[PDB]
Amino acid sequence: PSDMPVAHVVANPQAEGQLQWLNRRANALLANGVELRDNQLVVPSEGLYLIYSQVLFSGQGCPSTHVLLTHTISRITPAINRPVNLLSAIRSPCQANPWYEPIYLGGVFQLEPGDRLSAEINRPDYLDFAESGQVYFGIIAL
């Protein structure tokens, strides 16, 4: 534990089905006001924050070529409750023989106290996580 608000949650291996964020420990972090509610991060005070997140996709051979992987970081203010696209990226893996497609999103944003941030993916069934650090989501107060 230390100064400024901070969070660094990680995927859930046993949650084989969806993308659930957990407060584990190597240093998976979550303190100084920041809390995890409804699988989302909640900022404490007003200020500039650094938001980042990565997800790894994995597949055993392509179906056809109509496959698209997406990762996004939306911001939900308390006034409204809509998921405005802060950081978004897309990937088209296609076109034994496995395939892997990682995605990283990073950026600095001005956040207001009470805000709710989240990181979602469209195809949580390719979501790879057969190892520590292959998918995470975090933020820090600057």
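Don't overthink the numbering: it's just position in the shown sequence, from 1.
- Where coordinates are absent for parts of the deposited sequence, a chain break appears; between neighbours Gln95 and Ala96 it spans 4 to 9 residues.
- With 43 to 51 and 59 to 67 compared on mean CA B-factor from the PDB entry, the stretch scoring higher is 59 to 67.
- Relative to its counterpart among 33 to 41 and 102 to 110, 33 to 41 has the higher mean temperature factor, C-alpha atoms as listed in the PDB entry.
- The entry lists a Cα temperature factor for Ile121 that places it in the middle third of the chain's modelled residues.
- When the modelled residues of the chain are ordered by C-alpha B-factor, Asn85 sits in the lowest third.
- Annotation for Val9: C-alpha temperature factor in the lowest third relative to the rest of the modelled chain, per the entry.
- Sort the chain's modelled residues by C-alpha temperature factor and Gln134 lands in the lowest third, per the entry.
- In this PDB entry, the Cα temperature factor of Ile140 sits in the bottom third of its chain's modelled residues, the lowest group.
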